[PDB]
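These notes concern the structure reproduced below.
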Amino acid sequence: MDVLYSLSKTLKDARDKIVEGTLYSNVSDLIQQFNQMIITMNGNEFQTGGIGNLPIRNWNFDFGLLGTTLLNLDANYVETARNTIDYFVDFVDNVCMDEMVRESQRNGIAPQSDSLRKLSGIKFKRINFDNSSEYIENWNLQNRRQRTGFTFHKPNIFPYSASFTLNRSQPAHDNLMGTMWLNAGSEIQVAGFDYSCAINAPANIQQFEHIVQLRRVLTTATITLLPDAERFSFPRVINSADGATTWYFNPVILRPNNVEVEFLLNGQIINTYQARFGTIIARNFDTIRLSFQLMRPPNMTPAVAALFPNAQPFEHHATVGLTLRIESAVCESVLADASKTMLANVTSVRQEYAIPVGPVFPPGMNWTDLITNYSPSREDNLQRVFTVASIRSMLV
Amino acid sequence: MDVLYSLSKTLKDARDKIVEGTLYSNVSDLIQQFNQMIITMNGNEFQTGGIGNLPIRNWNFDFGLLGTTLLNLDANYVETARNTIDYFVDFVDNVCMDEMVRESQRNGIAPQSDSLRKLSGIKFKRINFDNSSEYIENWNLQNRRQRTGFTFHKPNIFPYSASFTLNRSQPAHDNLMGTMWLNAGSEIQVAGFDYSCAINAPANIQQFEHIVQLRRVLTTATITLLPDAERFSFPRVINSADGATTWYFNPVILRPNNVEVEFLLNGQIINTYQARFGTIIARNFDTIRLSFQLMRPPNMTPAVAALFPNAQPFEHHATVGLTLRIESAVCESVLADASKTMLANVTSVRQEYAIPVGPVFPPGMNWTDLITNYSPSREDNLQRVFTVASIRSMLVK
Amino acid sequence: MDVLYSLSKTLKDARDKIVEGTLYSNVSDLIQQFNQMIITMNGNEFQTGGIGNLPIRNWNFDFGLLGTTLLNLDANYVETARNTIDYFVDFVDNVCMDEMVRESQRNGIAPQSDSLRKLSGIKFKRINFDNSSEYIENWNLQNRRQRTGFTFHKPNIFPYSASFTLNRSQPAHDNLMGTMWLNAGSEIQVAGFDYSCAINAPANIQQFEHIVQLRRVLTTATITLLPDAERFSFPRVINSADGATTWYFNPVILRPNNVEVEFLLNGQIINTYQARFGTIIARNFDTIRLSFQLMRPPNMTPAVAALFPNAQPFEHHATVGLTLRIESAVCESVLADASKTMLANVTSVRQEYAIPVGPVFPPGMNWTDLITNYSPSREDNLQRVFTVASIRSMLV
Amino acid sequence: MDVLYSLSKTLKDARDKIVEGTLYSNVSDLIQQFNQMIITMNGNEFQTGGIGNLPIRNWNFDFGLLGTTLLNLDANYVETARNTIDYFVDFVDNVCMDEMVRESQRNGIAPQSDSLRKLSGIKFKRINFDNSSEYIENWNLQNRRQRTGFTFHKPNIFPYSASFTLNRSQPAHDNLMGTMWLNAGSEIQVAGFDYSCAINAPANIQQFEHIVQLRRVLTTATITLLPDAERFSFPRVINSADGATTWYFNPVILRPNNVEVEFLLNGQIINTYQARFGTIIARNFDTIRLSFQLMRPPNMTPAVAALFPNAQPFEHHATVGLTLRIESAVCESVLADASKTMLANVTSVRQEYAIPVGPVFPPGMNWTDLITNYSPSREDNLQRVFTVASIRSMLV
Amino acid sequence: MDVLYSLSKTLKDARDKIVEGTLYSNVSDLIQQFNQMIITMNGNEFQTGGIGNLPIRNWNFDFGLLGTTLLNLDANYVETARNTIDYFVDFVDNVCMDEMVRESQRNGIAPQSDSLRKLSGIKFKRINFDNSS
Amino acid sequence: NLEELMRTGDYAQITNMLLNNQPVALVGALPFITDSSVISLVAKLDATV
Ligand SMILES: [Cl-]
Ligand SMILES: [Zn+2]
Ligand SMILES: [Zn+2]
Ligand SMILES: [Zn+2]
Ligand SMILES: [Zn+2]
Ligand SMILES: [Zn+2]
Ligand SMILES: [Zn+2]
């Protein structure tokens, strides 16, 4: 992985820096690294595999070195360099694609393609140089048993789930007390609804609690908290738990009461925010507990008092909502996010070449199933393929 | 860690092998290692212990080398060696205690005490020699990220949980169907009870299922399975789920039917044992599924028929048990077990000096809390402190 | 076997002792042994696998010798040694796996795999050095016909058997006298029951006797005796002997009377323990004879007398228990036990690669069937596979 | 002892390392130590036996040295070494047996057999080399008067005792309040019973206490505590305290209330656990105090309310149990445990040769008597014989 | 114990025999033994412990040899000997008291106090002489 | 590597391989004899050096 990244970075630097008219002093070290790569790769035969519809490809290296004796680079130098750079870029891209479409259960972090396994030999260690990208840096740190993390903007940590829980219900679904929620990507919307508006509740308060257990620990997380869940703030016709019938939801939104958002690690309250909205910081957590209360307004104007009678029928159902958006975070493990393209690249490569379903990832690299069952083997394979995808993205 | 282990190993070898009358050829390499340690540590100041009641100890090293001109070790040589060894052993004990009482949320695998941080410098790496103990070997493998392995006799993998599930119930608690279990240490005792003895069941079969999710993967596990659960085979008065009332459990034990033990990894069947009792092998698993049936005996003697009427009241309640005991296993992560004293040593040192609760471990090193939420950071800190505890046990114990 | 063990122990010592910063004097002898192994193994072609799903693997040795350092080993030395150590460890693990999955009715103590058969040649005897492990020591002793010894904590010597014997019975199963026992692993739990509570028995004594024939001779055995058998102290519905009907058991536990444990060897009484509970020592035996008595209490309180009428019906049945636990022992033969992982390792290797059932061991390496019919051929094969399993455990 | 252990260790290393084909570099130091042992033992006459049925044996040492000019050991060298090794091993085994069967009251730590007393001379210290075993290490620490330590898996610290105490009793034994316990090895099962179910208790609570005094201080002890005593959870007929009559116990199990296990040293509370079950750690203690409560369920279902009437007769007797199991511990003194075999070895040697009962140990080496009256003299003699037994176990 | 007894015996013999006017032939062997004791004890630091209310005491030995070359002992000789003997007797009494108040369940025959354990070393074996009590 | 063999002075591996006819490649700047004789090839003199 280090050698593959070094090949990709050398080729990227060659493309960026070997430009007509540039002083050779601007590329001297780059040309030295490029010649080292040529020497190390020369005389070696490589094969990129026939997995799926990806064609079998054979690669030979018999290239000459680049000049090192000009004061400024000229057109001949650039063309000669480009002839080699195109071949090397094609080889690196094919190796990356071959590695991205393979998975293993016993050792998912080790190289899978024979090309990368060959490149992991000692004779290719010479190619290795600056490993500065976030993914390769994390790879090296994690190989060193060192604490390293990936920074995600809008991390895709919550598997998609639109569901509800009815703590009080009946076959006619006209006096319901419960919670509705959507946990999608980096977003949680929850809404506790009471059809009676806590008319017969102790102290006229109904308590709702929503626990979201994150599959990985998030650190230094910036989170926007808002006091309403617009997703559950309009009339709906919702299927029953068994799908036998459909019930009616007619929310009237009240301010949530006693809003306590706890961010917990190993069952211990790490962060707590009471009646706080806007930007909050969850420094280190693996669970989010949102507790809120529907409080019957002690005083109601005649229009308000008409919505909440003393008994049934209840045509207006009192709802209190919370919205929690994770804008940024840091995770020990790799995750899909709105900013990076690793998941998209891996899925695209797997789809384009009709890669069959393997024993690790779900079919089609579906992220909901992946993050729902984020097992250690899945984590290893996903980090491997994501690092390879970034390496390929340096060139393709 | 490897330097601290090497110090402890050198000191233990010195205590064991530097004895009166022994040939110098028996200790020549050991004497060279000891003198290398003396040279490396000489001229260095160390400080251990500023947390809890652990006293601040300052350590200086200015020791002469052991001689090499002898052919057989005599009394004076051994006494001087013993003096130096005693000082070094006290230093290593204090360093180990200081390291065992500290924890980090970020790099818990890294050294926490300043003495071990100092020992992590290049100049002390010369002290490093044979790393043959199981814990240090696993430490070195994990540093290179190779496949680690810890062998546990009766691994403590199940947090304590004595609970029950009622699949059929009602407020009089006189017609109940469900399961009660104890998962403790390396043992799972489960029992499915039916108060009606499956009189109205679909073909007189009542199916009971128990899923136990291990917090770490176990490999090469020897497991004893016994048909009966002696823990849930006597009269009991059991609190209701809400604690509002208490119900009565008067079990009569019938052998379980269609016993099926399933050992699964990542929700995939690895091992399956059907009607098999005694010793079984679970090669690789993280989940156990025990599915067993209460089958109404088609033919009953007059007493047995009197036990189970056609309708309520049900005075005798049919129960089918199962007992599972992990005798030995292999886990890539450290665990408390019946044979080792690493958890006991760490807890003892933490309690002795009144170490305040840290941000990593539960309040008091409670193992149920630790294994219930065995997080990667907790795993790193636990492995670090357990390795230090073993290093200390080489000398202090 | 000795050569394979020596390879594994040389590799283990290399991994443990060849560490950065160590004095070369700390490894001089180890380095000499390692270089001797390299010399002896170089130029030899080995093959492993080809049975079940164990892959066919070809091994070649073309390694150079480990060098020398004036004072201390450095990182370069450790990496160079570790490459060779890794290859050799892979080879040794594969050879051990190949040997563990094979068996032979004839000459089950001899090597079965081609790699181990080749390793038994004269040329490889150079590699042989210190044989200090318990299993290799016993292997060498057995090859010389010396007295072997394996120390087991909680030896797995009793095949599972939950059975009962009715010395007095009738189709209604309301007046029964007999014994019910469980012999599982290292535990015997016996219980003698009389429904009439020895009302008509001579002297109001009912004699119960249980005999357990160990399939191997146990020596230096520590045994725990406890008066009661908790496993048979609760009411239970038990199938009939032929399975036609079920009968009822309703124990009321009484102290066993005139307890006598006889540990016998070849029909001769070696140890006798009368009314002794707790820790006892059985120095040499192959048979356990537990003789106890239900003695009707001559004096009873009204509640006690209510349970034991002069005649039928008998609703509370007098049971006297006895629990025996072999905590540790010594056996001349290999057995499974709660402290070792040899049986687990062999079974795991056989299951992982789906080894078809052979002519020696029972399917699945089931210990109950194996110990029930522990033939000398089975003993030889099991000792071989267990020794190879320990050799592999040194490295894996 | 150190000389005897060194003889045994040299012989064991000779057996393990002097093997065909091994480099002389692997045994050079061992061969030097072996020749030193031959030189030291030559010309010395020893006599063992003469006690019980142990035969008197005379030992003469006139042996030649082993060669030192070989590069790899061959068959001739191995047989020449093995003759001497066999004679020396027989001598060491006989010396160990002679020492294991003798005991003294005043100076039981010192050697008892004339052979070991002769070996305790200065001239034999030349034989002394590596003392690495746990028991010899503790022996040397004790001789230096340093702190000693023995690790025990399931230490046999509790002498067998199945007893009960009745805090409320009548001649008819129908309204009984008390507690019954078994202490055995590393196990303590206790059960407090109230026949009236604490209906007349002040707060409907009955307090039960159990104090167990350990004869030695245990440190770094890992204990498993469980809330039920299966041993006392089934109906049984129990003799009276004087044996005059018998009473009936019909347990119905309720969870124990306000469980408090205290581990005390010299009457000071070292560890305390309230309502804590599972694995706990007792760092240093010599006494265990288990205090639990039977709380009458304030709310009862009709069946439960039927179990417990307001007044007599009391047919179902409320019971609350605790189970305590020491899985591992460290003790400064030697104890029998489940994993080791020194007690078994000493008892076996004493039994096989019909050693008459001495003035120190109880007849038959019975462990319950030994641990009940574990006096300092008995501790000295037991440490001596256990160290000798381990030394013998190295070879036999 | 034998070294402590020999210290006490040497001091008692010195107190009884080193008297003004006595012939040196009456004390020659005693003077040799006393000088041997001084040489052996010189330069050694001892501590009698603080068990109970027994005070912690530190003992340093730096004493010149008792003289030879007198036909009959004079007053100066007896005075110097008395000074040295007084210090040594105080040390021996304190060591005996420190040892008398200690005990061990096991190895109770061995010395308990640090002073007597130090005196049990090989280097002090030179002090040992007649054990007649 | 012939340079490493020269520097160490340990000829155990090379001697063992040459005695046992183990295929090997000696690497290093080496002078060579140019032989144009077919009879030399038939005599196999290249294997005697
Ligand atoms: Cl156990
Ligand atoms: Zn954005
Ligand atoms: Zn619904
Ligand atoms: Zn055990
Ligand atoms: Zn309930
Ligand atoms: Zn029958
Ligand atoms: Zn009584």
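Naming scheme: A, B, ... for chains in displayed order of the structure tokens; residues 1 onward per chain; ligands 1 onward as shown.
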Report task. Provide as a list in words the residues of chain E at most 12 Å from chain D, counting only C-alpha atoms. Result -> residues 104, 105, 106, 107, 108, 109, 110, 111, 112 and 117 of chain E
Query - Surroundings of ligand 4 up to 10 Å, based on only C-alpha atoms and all ligand atoms, as number ranges by chain - result: B: 153-154, 327-328, 337-339; C: 153-154, 327-328, 337-339; D: 153-154, 327-328, 337-339
What does the file look like for those residues with N, CA and C atoms, as a JSON list (two decimals), in the first residue's frame?
[["chain", "number", "residue", "atom", "x", "y", "z"],
["B", 153, "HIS", "N", -7.88, -20.32, 30.50],
["B", 153, "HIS", "CA", -8.61, -21.40, 31.15],
["B", 153, "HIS", "C", -9.80, -20.80, 31.88],
["B", 154, "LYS", "N", -11.00, -21.18, 31.46],
["B", 154, "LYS", "CA", -12.23, -20.60, 31.99],
["B", 154, "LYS", "C", -12.22, -19.09, 31.77],
["B", 327, "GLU", "N", -14.28, -24.28, 28.97],
["B", 327, "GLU", "CA", -13.16, -24.72, 29.79],
["B", 327, "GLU", "C", -11.89, -23.96, 29.43],
["B", 328, "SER", "N", -11.55, -23.95, 28.14],
["B", 328, "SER", "CA", -10.39, -23.22, 27.65],
["B", 328, "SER", "C", -10.74, -22.59, 26.31],
["B", 337, "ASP", "N", -9.30, -14.53, 33.55],
["B", 337, "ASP", "CA", -9.55, -15.96, 33.56],
["B", 337, "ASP", "C", -9.30, -16.50, 34.96],
["B", 338, "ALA", "N", -9.62, -17.78, 35.14],
["B", 338, "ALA", "CA", -9.51, -18.40, 36.46],
["B", 338, "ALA", "C", -8.07, -18.68, 36.84],
["B", 339, "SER", "N", -7.17, -18.81, 35.86],
["B", 339, "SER", "CA", -5.81, -19.25, 36.13],
["B", 339, "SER", "C", -4.85, -18.10, 36.40],
["C", 153, "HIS", "N", -5.04, -31.14, 34.32],
["C", 153, "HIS", "CA", -5.96, -30.47, 35.23],
["C", 153, "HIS", "C", -7.38, -30.76, 34.76],
["C", 154, "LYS", "N", -8.16, -31.43, 35.60],
["C", 154, "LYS", "CA", -9.50, -31.85, 35.24],
["C", 154, "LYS", "C", -9.45, -32.70, 33.98],
["C", 327, "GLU", "N", -9.66, -33.29, 40.15],
["C", 327, "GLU", "CA", -9.13, -31.96, 39.89],
["C", 327, "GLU", "C", -7.88, -32.02, 39.03],
["C", 328, "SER", "N", -6.97, -32.94, 39.36],
["C", 328, "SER", "CA", -5.75, -33.11, 38.58],
["C", 328, "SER", "C", -5.31, -34.56, 38.69],
["C", 337, "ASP", "N", -8.21, -32.07, 28.41],
["C", 337, "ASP", "CA", -8.37, -31.52, 29.74],
["C", 337, "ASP", "C", -8.70, -30.04, 29.63],
["C", 338, "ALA", "N", -9.18, -29.47, 30.73],
["C", 338, "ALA", "CA", -9.66, -28.10, 30.74],
["C", 338, "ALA", "C", -8.55, -27.07, 30.63],
["C", 339, "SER", "N", -7.28, -27.47, 30.75],
["C", 339, "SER", "CA", -6.17, -26.53, 30.74],
["C", 339, "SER", "C", -5.43, -26.46, 29.41],
["D", 153, "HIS", "N", -4.34, -21.90, 41.62],
["D", 153, "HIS", "CA", -5.62, -21.94, 40.91],
["D", 153, "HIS", "C", -6.57, -22.78, 41.75],
["D", 154, "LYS", "N", -7.62, -22.15, 42.27],
["D", 154, "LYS", "CA", -8.57, -22.82, 43.16],
["D", 154, "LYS", "C", -7.82, -23.35, 44.38],
["D", 327, "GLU", "N", -11.15, -18.50, 42.54],
["D", 327, "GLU", "CA", -10.62, -19.14, 41.34],
["D", 327, "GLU", "C", -9.10, -19.10, 41.32],
["D", 328, "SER", "N", -8.50, -18.02, 41.80],
["D", 328, "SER", "CA", -7.06, -17.89, 41.87],
["D", 328, "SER", "C", -6.70, -17.05, 43.08],
["D", 337, "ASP", "N", -3.81, -27.30, 45.69],
["D", 337, "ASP", "CA", -4.75, -26.66, 44.79],
["D", 337, "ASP", "C", -5.10, -27.65, 43.69],
["D", 338, "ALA", "N", -5.97, -27.22, 42.77],
["D", 338, "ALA", "CA", -6.44, -28.10, 41.71],
["D", 338, "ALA", "C", -5.41, -28.33, 40.62],
["D", 339, "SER", "N", -4.56, -27.35, 40.34],
["D", 339, "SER", "CA", -3.65, -27.44, 39.20],
["D", 339, "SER", "C", -2.38, -28.21, 39.50]]
Query - Close residues to ligand 7 using only C-alpha atoms and all ligand atoms, limit 8 Å, as a list in words - result: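 Checked against 8 Å with only C-alpha atoms and all ligand atoms; the hits are residues 166, 169, 170, 171, 173, 239, 240, 241, 242, 245, 246 and 247 of chain D.
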Just N, CA, C and O atoms for this one: save the residues we selected as a compact mmCIF listing (two decimals), in the first residue's frame.
# COMPACT_ATOMS: atom_id res chain seq x y z
N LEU D 166 -28.71 -23.10 64.10
CA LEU D 166 -30.13 -22.77 64.24
C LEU D 166 -30.26 -21.67 65.29
O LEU D 166 -30.15 -21.93 66.49
N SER D 169 -35.02 -22.42 67.10
CA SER D 169 -35.25 -23.86 67.01
C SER D 169 -36.22 -24.29 68.09
O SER D 169 -36.34 -23.65 69.14
N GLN D 170 -36.92 -25.39 67.82
CA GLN D 170 -37.81 -26.04 68.76
C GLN D 170 -37.59 -27.54 68.65
O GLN D 170 -37.05 -28.03 67.65
N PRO D 171 -37.99 -28.31 69.67
CA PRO D 171 -37.80 -29.77 69.60
C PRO D 171 -38.47 -30.40 68.39
O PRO D 171 -37.95 -31.40 67.86
N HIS D 173 -38.83 -28.92 65.47
CA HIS D 173 -38.15 -28.43 64.27
C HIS D 173 -39.14 -28.14 63.15
O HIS D 173 -39.06 -28.70 62.05
N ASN D 239 -29.88 -34.36 59.98
CA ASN D 239 -29.72 -34.77 61.37
C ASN D 239 -29.83 -33.57 62.30
O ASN D 239 -29.66 -32.42 61.90
N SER D 240 -30.13 -33.85 63.57
CA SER D 240 -30.11 -32.82 64.59
C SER D 240 -28.67 -32.55 65.02
O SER D 240 -27.74 -33.30 64.71
N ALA D 241 -28.48 -31.45 65.75
CA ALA D 241 -27.14 -31.08 66.18
C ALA D 241 -26.53 -32.15 67.07
O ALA D 241 -25.35 -32.50 66.91
N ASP D 242 -27.31 -32.70 68.00
CA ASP D 242 -26.84 -33.78 68.84
C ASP D 242 -26.98 -35.15 68.18
O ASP D 242 -26.50 -36.14 68.74
N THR D 245 -32.33 -36.66 66.67
CA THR D 245 -33.45 -36.76 65.74
C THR D 245 -33.04 -36.13 64.41
O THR D 245 -31.87 -35.80 64.18
N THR D 246 -34.02 -35.96 63.53
CA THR D 246 -33.83 -35.34 62.22
C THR D 246 -34.97 -34.38 61.94
O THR D 246 -36.09 -34.56 62.44
N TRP D 247 -34.68 -33.37 61.13
CA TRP D 247 -35.66 -32.36 60.75
C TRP D 247 -35.73 -32.26 59.24
O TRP D 247 -34.87 -32.76 58.51
Requested in this report: Write out as a VMD selection string each polymer residue whose atoms come within 7 Å of residue 259 of chain C, counting only C-alpha atoms; drop sequence neighbours fewer than 2 positions from it.
Outcome: chain C and resid 256 to 257 261 274 to 275 291 to 293
Requested in this report: Enumerate, as a PyMOL selection string, the complete set of residues in chain E that a backbone-based DSSP assignment places in strand (DSSP E or B).
Outcome: chain E and resi 23+45-48+57-60+72
Please save N, CA, C and O atoms of the selected residues as a compact mmCIF listing (two decimals), in the first residue's frame.
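Contents of again_35.txt, freshly written:
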# COMPACT_ATOMS: atom_id res chain seq x y z
N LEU E 23 48.83 -8.98 86.76
CA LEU E 23 49.85 -9.37 85.80
C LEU E 23 49.26 -9.43 84.40
O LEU E 23 48.10 -9.80 84.21
N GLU E 45 28.52 -0.19 61.43
CA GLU E 45 27.42 0.60 61.96
C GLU E 45 26.27 -0.33 62.31
O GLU E 45 25.86 -1.15 61.48
N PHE E 46 25.76 -0.21 63.53
CA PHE E 46 24.66 -1.04 64.00
C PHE E 46 23.49 -0.17 64.42
O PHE E 46 23.66 1.00 64.78
N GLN E 47 22.29 -0.74 64.36
CA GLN E 47 21.08 -0.05 64.78
C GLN E 47 20.20 -1.00 65.57
O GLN E 47 19.81 -2.05 65.06
N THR E 48 19.90 -0.63 66.82
CA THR E 48 18.92 -1.34 67.62
C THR E 48 17.57 -0.65 67.45
O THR E 48 17.47 0.57 67.61
N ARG E 57 18.49 3.21 68.54
CA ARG E 57 19.86 3.54 68.91
C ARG E 57 20.81 3.17 67.78
O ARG E 57 20.67 2.12 67.15
N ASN E 58 21.78 4.05 67.53
CA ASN E 58 22.79 3.86 66.50
C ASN E 58 24.15 3.71 67.16
O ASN E 58 24.52 4.51 68.02
N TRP E 59 24.89 2.68 66.75
CA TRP E 59 26.18 2.35 67.35
C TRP E 59 27.26 2.39 66.29
O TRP E 59 27.15 1.74 65.24
N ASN E 60 28.31 3.16 66.57
CA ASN E 60 29.49 3.28 65.73
C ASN E 60 30.70 2.81 66.52
O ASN E 60 30.86 3.17 67.69
N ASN E 72 52.51 -5.37 84.82
CA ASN E 72 51.30 -5.34 85.63
C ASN E 72 50.42 -4.21 85.15
O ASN E 72 50.91 -3.12 84.84
Query raised in the report: Once you count only C-alpha atoms, which residues of chain B turn out to be within 6 Å of chain C? Could you give them as a list in words?
Result: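 Those within range of chain C come out as residues 125, 126, 128, 129, 130, 131, 132, 153, 220, 222, 252, 253, 254, 278, 281, 283, 299, 300, 301, 304, 327 and 328 of chain B.
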Query - Selection near residue 8 of chain F, 12 Å with only C-alpha atoms, sequence-local residues under 6 positions removed, as a PyMOL selection string - result: (chain C and resi 65-69) or (chain F and resi 1-2)
Query raised in the report: Within 8 Å of ligand 5, counting only C-alpha atoms and all ligand atoms: which residues, as an MDAnalysis selection string?
Result: chainID B and resid 166 169:171 173 239:242 245:247
Requested in this report: Using only C-alpha atoms and all ligand atoms, find the one residue out of D:296, D:210, D:325, D:392 that sits nearest to ligand 1.
Outcome: D:325
Requested in this report: Tell me, as a list in words, which residues lie within 8 Å of residue 4 of chain E, counting only C-alpha atoms; anything in the same chain fewer than 4 positions away does not count.
Outcome: residues 8, 92, 116 and 119 of chain E
Report task. Write out as number ranges by chain every residue belonging to chain F that has an atom at most 12 Å from any atom of chain C, counting only C-alpha atoms. Result -> F: 1, 4-5, 7-18, 20-25
Expected file: the selected residues, N, CA and C atoms, as a compact mmCIF listing (two decimals), in the first residue's frame:
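Below is the file that was written, selection_21.txt:
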# COMPACT_ATOMS: atom_id res chain seq x y z
N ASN F 1 26.46 -12.98 -2.43
CA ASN F 1 27.26 -11.80 -2.72
C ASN F 1 28.72 -12.09 -2.40
N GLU F 4 30.33 -9.73 0.27
CA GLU F 4 29.98 -10.09 1.64
C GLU F 4 30.71 -11.35 2.08
N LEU F 5 30.82 -12.33 1.19
CA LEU F 5 31.56 -13.55 1.51
C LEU F 5 33.02 -13.24 1.80
N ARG F 7 34.22 -10.34 2.89
CA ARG F 7 34.36 -9.53 4.09
C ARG F 7 34.14 -10.36 5.35
N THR F 8 33.14 -11.24 5.35
CA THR F 8 32.86 -12.01 6.56
C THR F 8 33.92 -13.08 6.80
N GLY F 9 34.38 -13.73 5.74
CA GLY F 9 35.27 -14.86 5.88
C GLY F 9 34.58 -16.16 6.21
N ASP F 10 33.26 -16.16 6.32
CA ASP F 10 32.49 -17.37 6.60
C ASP F 10 32.14 -18.04 5.28
N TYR F 11 32.83 -19.14 4.98
CA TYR F 11 32.62 -19.89 3.75
C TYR F 11 31.81 -21.17 3.99
N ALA F 12 31.08 -21.23 5.10
CA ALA F 12 30.32 -22.44 5.42
C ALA F 12 29.20 -22.68 4.41
N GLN F 13 28.42 -21.64 4.11
CA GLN F 13 27.29 -21.82 3.20
C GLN F 13 27.78 -22.12 1.78
N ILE F 14 28.76 -21.36 1.30
CA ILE F 14 29.27 -21.59 -0.05
C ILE F 14 29.92 -22.96 -0.15
N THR F 15 30.68 -23.35 0.88
CA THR F 15 31.30 -24.67 0.87
C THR F 15 30.25 -25.78 0.88
N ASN F 16 29.21 -25.63 1.70
CA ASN F 16 28.16 -26.64 1.75
C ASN F 16 27.44 -26.75 0.42
N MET F 17 27.19 -25.62 -0.24
CA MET F 17 26.49 -25.65 -1.52
C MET F 17 27.36 -26.24 -2.62
N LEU F 18 28.66 -25.91 -2.63
CA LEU F 18 29.54 -26.46 -3.65
C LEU F 18 29.76 -27.95 -3.46
N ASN F 20 27.65 -30.09 -2.05
CA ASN F 20 26.40 -30.80 -2.29
C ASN F 20 25.80 -30.50 -3.66
N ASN F 21 26.51 -29.77 -4.52
CA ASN F 21 26.05 -29.46 -5.87
C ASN F 21 24.69 -28.76 -5.83
N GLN F 22 24.61 -27.72 -5.01
CA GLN F 22 23.39 -26.94 -4.88
C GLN F 22 23.44 -25.76 -5.84
N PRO F 23 22.48 -25.61 -6.76
CA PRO F 23 22.55 -24.49 -7.71
C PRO F 23 22.61 -23.16 -6.99
N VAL F 24 23.46 -22.27 -7.48
CA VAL F 24 23.73 -20.99 -6.82
C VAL F 24 24.11 -19.97 -7.89
N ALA F 25 24.14 -18.70 -7.49
CA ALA F 25 24.60 -17.61 -8.33
C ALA F 25 25.55 -16.74 -7.52
Requested in this report: Please provide as a list in words all residues within 8 Å of segment 42-51 of chain B, with the sequence filter that same-chain residues fewer than 5 positions apart are discarded (counting only C-alpha atoms).
Outcome: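 What passes the distance filter is residues 56, 57, 58, 59, 60, 61, 62, 63, 94, 95, 98, 101, 113, 114, 115 and 355 of chain B.
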Serialized selection, C-alpha atoms, as a PDB file, in the first residue's frame:
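The resulting file, part14.pdb, is reproduced below:
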ATOM      1  CA  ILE B  56       7.020   9.657  45.119  1.00  0.00           C
ATOM      2  CA  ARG B  57      10.115   7.452  44.836  1.00  0.00           C
ATOM      3  CA  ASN B  58      13.379   8.773  43.389  1.00  0.00           C
ATOM      4  CA  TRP B  59      15.804   6.242  41.911  1.00  0.00           C
ATOM      5  CA  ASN B  60      19.515   6.730  41.253  1.00  0.00           C
ATOM      6  CA  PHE B  61      21.793   4.175  39.597  1.00  0.00           C
ATOM      7  CA  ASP B  62      25.528   4.112  40.343  1.00  0.00           C
ATOM      8  CA  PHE B  63      26.493   0.430  40.548  1.00  0.00           C
ATOM      9  CA  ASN B  94       7.681   0.645  41.683  1.00  0.00           C
ATOM     10  CA  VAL B  95       7.799   1.402  37.946  1.00  0.00           C
ATOM     11  CA  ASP B  98       3.161   3.390  38.638  1.00  0.00           C
ATOM     12  CA  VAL B 101      -2.439   2.739  37.955  1.00  0.00           C
ATOM     13  CA  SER B 113       4.196   6.780  33.644  1.00  0.00           C
ATOM     14  CA  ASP B 114       7.180   9.053  33.114  1.00  0.00           C
ATOM     15  CA  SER B 115       9.602   6.310  34.177  1.00  0.00           C
ATOM     16  CA  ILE B 355      -6.272   5.442  42.725  1.00  0.00           C
TER      17      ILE B 355
END
